[PDB]
4 protein chains.
Amino acid sequence: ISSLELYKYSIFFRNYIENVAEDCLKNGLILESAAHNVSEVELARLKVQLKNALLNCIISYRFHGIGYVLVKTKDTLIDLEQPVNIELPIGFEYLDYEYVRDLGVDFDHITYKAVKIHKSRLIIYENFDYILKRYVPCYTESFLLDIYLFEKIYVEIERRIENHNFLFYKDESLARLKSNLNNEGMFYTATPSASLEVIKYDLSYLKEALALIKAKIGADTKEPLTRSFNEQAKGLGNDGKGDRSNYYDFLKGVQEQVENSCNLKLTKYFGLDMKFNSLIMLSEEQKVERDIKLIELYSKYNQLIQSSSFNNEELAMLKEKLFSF
Amino acid sequence: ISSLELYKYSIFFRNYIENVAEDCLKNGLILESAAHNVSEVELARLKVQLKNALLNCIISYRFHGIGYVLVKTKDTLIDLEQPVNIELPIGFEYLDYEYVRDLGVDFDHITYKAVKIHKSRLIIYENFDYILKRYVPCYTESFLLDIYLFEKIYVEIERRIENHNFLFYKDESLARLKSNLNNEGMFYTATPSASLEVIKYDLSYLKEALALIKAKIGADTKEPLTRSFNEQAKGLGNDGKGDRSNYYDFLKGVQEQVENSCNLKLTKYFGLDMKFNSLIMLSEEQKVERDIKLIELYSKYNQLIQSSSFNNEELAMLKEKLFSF
Amino acid sequence: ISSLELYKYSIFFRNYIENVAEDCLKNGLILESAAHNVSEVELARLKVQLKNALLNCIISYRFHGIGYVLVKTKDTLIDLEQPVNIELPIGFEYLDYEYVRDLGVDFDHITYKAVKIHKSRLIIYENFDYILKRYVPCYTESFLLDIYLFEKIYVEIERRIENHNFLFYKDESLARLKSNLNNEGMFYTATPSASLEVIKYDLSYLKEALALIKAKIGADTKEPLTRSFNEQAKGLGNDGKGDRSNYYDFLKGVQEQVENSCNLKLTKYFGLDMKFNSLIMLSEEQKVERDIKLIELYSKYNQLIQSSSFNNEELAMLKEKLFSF
Amino acid sequence: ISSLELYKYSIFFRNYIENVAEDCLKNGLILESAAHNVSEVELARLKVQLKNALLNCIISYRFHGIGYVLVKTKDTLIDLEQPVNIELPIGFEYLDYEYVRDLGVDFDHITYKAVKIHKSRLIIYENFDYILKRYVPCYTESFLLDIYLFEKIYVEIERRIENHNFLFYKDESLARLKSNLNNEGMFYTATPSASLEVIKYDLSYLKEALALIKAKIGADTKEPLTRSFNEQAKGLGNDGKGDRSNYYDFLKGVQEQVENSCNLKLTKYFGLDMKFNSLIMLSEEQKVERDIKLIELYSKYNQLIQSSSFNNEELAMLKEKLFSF
């Protein structure tokens, strides 16, 4: 089973790879300058290109196991080999995996098509498995079989849908037969040993296979849309409790890894800091409700202080054990 | 399976392509001029033609993989080749995909039918897949098979509906038979070996196929009307929570991509800015309820300030941690 | 399958075409004059004829793909060829599609039966599909098959209802038989090899076909009455929420297209403006409830202003963030 | 059954090993210096590398039975053999299990690839079973069989999915047969002894096996995602009760063992202390609710003291029996 062939044929496989990348950048990013000298209008334009380059980097990370983003500066094509000390970038460009040759972490340069680029100008997002000692994608051979079996079910249906029911006619003595059947609705024969039987196919095998395949897909991934066949929500809302969903934890871990990869060289070489927006976004009604409760807490605290005779140490001790104060 | 042939025959396929485009522009657009010199009456008329051109651009984006919108100015047909520096446009016209020849991003012009048009006058909405290194539509080969199987079910029904039940008559010794059956209701024969049997077809195979096909369609797309066979709502209402539906996220991403494509050249070359209206529209009753809650929040805040003795730093610190204040 | 033949035979097809047109004009129209010189009594009479002409225009739009409405003025039959600059119309008349010859958008005239009419006097409502590059109706070949199969089910029932049960009698040795059966209730024979069997038909095939056909019809259209077989409501009520139904969005889009077609030439050439009434009509009880809530909002706002010491900027800032104020 | 081969093929096995490690470090760590001389900016960077090294240490602990983390200092590659008295570290690096040779606890050095490293510079997380007197992974032979059987179910499905239904034709007298069946839908033969039967496979054995396998997997592990096939939550929320889940107890025990291993040498040789963040994270709404209840408790306590005439001993005795006071 080839992943590239499955990607071309199946839209289900395409969505599974791309769903995680779209959710990570759904709420946007935050870009800041340590020097505090870049204008916000210019800095916002840099954020727009960073988001576009990061979307393909995560997709390449999930499909191939590594992603490359080039931090373009005001330099010539031959200057890419030279390292960078401190420079504000001009933009970000995603580099195709197939055109990048990297010999490992022991080297500080790559070849792009043959332009030599120093690794200090590259944001690298890689999935290295220490047990396998190699870069691996987000899918395994078992996962590919499940997707292949999911698609093969409907290939088999198309193979027998036309002739799911047909007649088996035996007549030793034997257009006219169909003409009489269409008009009169009676099929007549004179052979005493003639037989006529309807041959029928069945779909119980394929129906049961789908139930087994769906269970396997859900156990092999954490993305809610893929497991539930687009029937469940992403579960990234606000429930007023700390019990977050599994998808939230998976997305939070991915965001942290991307932040570390981006900030490892943006801050050191380019003097820039990037941050992901909060996964949970509060609605306008929820913000008002939280403000009302917080104001009530302050009102109760003020009433307690005014109408009590607690010692200073007792009053002080209450402050540390209070979250808001 | 040909997409064009399926588009002609199936209205289900036509709706699936066009549903997303209709929902994006359902709430309208916002058009603004940076120079603040264009009259609102003229600017509103430009917005009307922009909406019409954008509807076909998204449809062409979903069906072919790229969309072209021509920004018409007060110029001659030969002046389209020349670039544009700054000019208020006259209108917008959608360009048919079949009549547009584009050699790639490395070129800055296209051929339309053979009129040469510079790319600075064109709004381009393209779906480029970096894994495939080509522009692709919103559907794959697997999706086309599901639609074809959905339509083929009812083709098979029409093929056997007339003769789903018929009589199989065997008589070696043998109008009159039907005449006696119509009146007396008795079928008589003298051959001791004669037989009469009803031959029946079955629909369990096609019923089970529909259940499997419906599940596959739901897993292959996110548009709620296509998955549920027009049984579910679009899920674009206001529930007072930040947990938005999957369709809302999909539409929001599409709107952002269209905004980037339109504003990439409207602002730079034409001095115009376009914005999409909010997907969620509040009802009149909901607006009043939000105002009542907000006024109550302000009343509580005023009461706390008047009837408390908090320090200025403590009062100031409360302001940042409050969303409304 | 011919659409015209299906229209004649099936009332289900007739309702499907006409239901959308009846719902669009159910709440009436609004007609206004820019010059503000036409009397309301005369202007109301124009609105009555406009509604009658618009009902057939939408029906022709759905059945054929284009609709024509003639704006009659105080002119002779030969003056229809001449263009119109500014003139108050006398009335509106729908033009039959079969008697109209139009060569395309590149021409500014049509032939009616052979009277030449300029296009400036005609309201044109057309459904042009850019993928097909032609005008298309609201139905496809797949939809016609579903309606044909729906009608064919009951044709087959009538073909076998009379002889759904009948007797198969075999007697080599053989009025009198029926006479003895009617009175004594016993059927007697002397042949040892005689047989008597009841032959029965079945309806499981047709029952299952109806379930499949109903699902297909619901997926192929958005009109609630057609999908549910007149079992569901139109869903155009007021629920106090912004989550409108699918039918409301479909009707709103149709109304906008009709408004653009009518106002494209009514305002420019005739100095008239037309508007559709709101799809959602509030009941008398609902209007009182909304007024009570709005008055309560004003009372709360007045109380807050009188009994607070907010700064002018803080008071001003609250106004923009309030919907009502 | 080889664990390494199962790890390569099955993503379900990979997640089971890695889920525990990801949950332990999900909330982050706390790093402190006893000397209180290291800057927080530098100390935070050390925590980042410690988290990365600890993630692989737990994975190696679960897969192999032991984990090694090297505490890198400002020394040469030959100085690793020498012991360390007191030194602030430069960073942390995980050591691959396959490249580490350890002769047991009786020795104070290991060989890494052949660099000799003293054990005082190494954080060792080992799972020693006293009944078996050896280091063991988190899985047994019985667990490996369950995973192998889970994967083998879908291998068998792929082996018979293509030919789940096929025709068995017997004809002594016998392209043309398929051509007539495709068009006319009738299969004709002249041999009186000819037979035609559909041969069907069954999936009841595999469906029942999955139910048995799922029960066994749940009984063999405590990780909620593995038992429920990613259907249940981790159960690490706040319910306001002391009845914690089984997964919380398992994670708490793992965190304590890691803390003991890290603090056994960080404090003694490097003067550093590490602590795990709380597994249960309170939401913003929950923190406000707890503060309101605590303030109410203080208000009630103040009211009781002011409006009572209890003896000093009675008042004092109430203090010890009160949790908050």
Side-chain angles (χ1 to χ4, degrees), chain A residues 156-206, chain B residues 152-153 155-172 174 193-209, chain C residues 168 197 199-202 204-205 208-209, chain D residues 162-202:
Chain A
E156 291 312 306
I157 289 164
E158 191 266 321
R159 215 152 66 75
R160 308 178 186 74
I161 183 170
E162 291 187 0
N163 292 297
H164 68 290
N165 273 6
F166 64 91
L167 293 163
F168 176 48
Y169 183 42
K170 302 199 302 179
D171 197 357
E172 41 182 357
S173 309
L174 184 64
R176 177 147 297 188
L177 295 180
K178 185 193 186 70
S179 306
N180 302 356
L181 201 50
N182 288 138
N183 315 327
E184 198 183 83
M186 179 181 293
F187 188 81
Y188 171 71
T189 187
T191 298
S193 58
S195 288
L196 194 57
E197 168 191 9
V198 170
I199 310 302
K200 317 164 179 289
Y201 282 96
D202 200 282
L203 274 184
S204 56
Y205 188 98
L206 290 188
Chain B
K152 194 86 166 74
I153 283 179
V155 171
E156 291 312 306
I157 289 164
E158 191 266 321
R159 215 152 66 75
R160 308 178 186 74
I161 183 170
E162 291 187 0
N163 292 297
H164 68 290
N165 273 6
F166 64 91
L167 293 163
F168 176 48
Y169 183 42
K170 302 199 302 179
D171 197 357
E172 41 182 357
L174 184 64
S193 58
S195 288
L196 194 57
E197 168 191 9
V198 170
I199 310 302
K200 317 164 179 289
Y201 282 96
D202 200 282
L203 274 184
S204 56
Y205 188 98
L206 290 188
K207 180 164 86 138
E208 291 301 326
Chain C
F168 176 48
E197 168 191 9
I199 310 302
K200 317 164 179 289
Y201 282 96
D202 200 282
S204 56
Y205 188 98
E208 291 301 326
Chain D
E162 291 187 0
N163 292 297
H164 68 290
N165 273 6
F166 64 91
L167 293 163
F168 176 48
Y169 183 42
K170 302 199 302 179
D171 197 357
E172 41 182 357
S173 309
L174 184 64
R176 177 147 297 188
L177 295 180
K178 185 193 186 70
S179 306
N180 302 356
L181 201 50
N182 288 138
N183 315 327
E184 198 183 83
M186 179 181 293
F187 188 81
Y188 171 71
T189 187
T191 298
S193 58
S195 288
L196 194 57
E197 168 191 9
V198 170
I199 310 302
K200 317 164 179 289
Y201 282 96
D202 200 282

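We name chains A, B, ... by the order of the sequence lines, and we start the count at 1 in each one.
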Quiz item: Is there a side-chain contact between A:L174 and A:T189, using heavy atoms and a 4.5 Å cut-off?
Solution: no
Self-check item: Rounded distance (nearest 0.5 Å) linking atom CG of B:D202 with atom NE2 of A:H164
Solution: 8.0 Å
Self-check item: Closest approach of B:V198 to C:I199 (non-hydrogen atoms, all atoms of both residues)
Solution: CG2-CG2, 3.6 Å
Practice problem: Measure from the side-chain N and O atoms of A:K170 to the backbone N and O of D:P192, and report whether any donor-acceptor pair falls under 3.5 Å. | Solution: yes
Quiz item: In terms of the angle between their ring planes, are A:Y169 and B:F168 parallel, tilted or perpendicular, with boundaries placed at 30° and 60°?
Solution: perpendicular
Practice problem: Kindly compute the distance separating CD1 (A:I157) from CD1 (B:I153), expressed to the nearest 0.5 Å. | Solution: 8.5 Å
Exercise. With side-chain hydrogen bond (donor to acceptor under 3.5 Å, both in side chains) as the test, would you mind laying out the steps for D:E172 and D:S193 before giving the verdict?
Key: CA-CA 8 Å; D:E172 41 182 357; D:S193 58; 3.0 Å; yes
Quiz item: If you look at every heavy atom in A:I161 and B:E156, which pair is closest and at what distance?
Solution: O-CG, 3.8 Å
Self-check item: Pairwise distance CD(A:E197) to OG(D:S195) - rounded to 0.5 angstrom
Solution: 9.0 Å
Self-check item: Value rounded to 0.5 Å, distance of NZ in A:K178 from CG in A:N183
Solution: 11.0 Å
Quiz item: Looking only at heavy atoms, what is the nearest atom pair of D:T191 and D:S173, with distance?
Solution: OG1-OG, 2.8 Å
Self-check item: CD on D:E162 to CZ on A:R159, rounded to 0.5 Å
Solution: 7.0 Å
Practice problem: Return the orientation label for the D:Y201 and D:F166 ring planes: parallel under 30°, perpendicular over 60°, tilted otherwise. | Solution: tilted
Exercise. List the atom of C:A209, the atom of B:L203, and the distance in Å for their closest heavy-atom pair.
Key: N-CD1, 3.6 Å
Exercise. For side-chain contact (heavy atoms from CB on, under 4.5 Å), just list the numbers for A:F187 and A:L196, CA-CA rounded to whole Å, side-chain angles, deciding distance to a tenth of an Å, and then say yes or no.
Key: CA-CA 10 Å; A:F187 188 81; A:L196 194 57; 3.8 Å; yes
Exercise. Can you establish whether the number of heavy atoms outside B:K200 located under 6.0 Å from its atom NZ is more than 12?
Key: yes
Quiz prompt | Non-hydrogen atoms of C:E208 and B:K207 that approach each other most closely | solution = OE1-CD, 3.1 Å
